[PDB]
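Next up: a single chain in structure tokens, the form deposited in one PDB entry.
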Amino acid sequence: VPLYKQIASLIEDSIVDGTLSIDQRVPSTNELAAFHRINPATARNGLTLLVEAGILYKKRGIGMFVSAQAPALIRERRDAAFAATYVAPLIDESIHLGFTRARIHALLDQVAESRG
């Protein structure tokens, strides 16, 4: 995976679990390039990705801050991803095999019980 994306994702992890709060200062392009030892240009791409995603915003002369709707946008993108990787395949195969909504729900429940 591209580093600029791993960076962005690492930041997203921290805002998803609360480690980074809304409107809190996030390390700048330079601080990331310094700690992790990557090209300032790749760190800036990471943050730029987030900026355009409405996840971060910049305060002139101060730095980058986490946007107030970032925790929502991110929950959204991760739910969509979860669906695409875990739900879609289940649905397409269920249709293919002619299962009913009730039968899928029952199987879900059965498996859920075997766990615990």
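Just count from 1 along the sequence shown to find any residue number.
A.B. asks: So which stretch wins on mean C-alpha B-factor, 19-27 or 90-98?
C.D. replies: According to the PDB entry, the answer is 19-27.
A.B. asks: Between 53-61 and 80-88, which has the higher average C-alpha B-factor in the PDB entry?
C.D. replies: Averaged over C-alpha atoms, the B-factors run higher in 53-61.
One more form of this protein, deposited in another entry, exists but is not displayed; see below.
A.B. asks: Splitting the motion between the shown form and the other one into two rigid parts, would you put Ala72 and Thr19 together?
C.D. replies: Yes, both residues sit in one rigid part.
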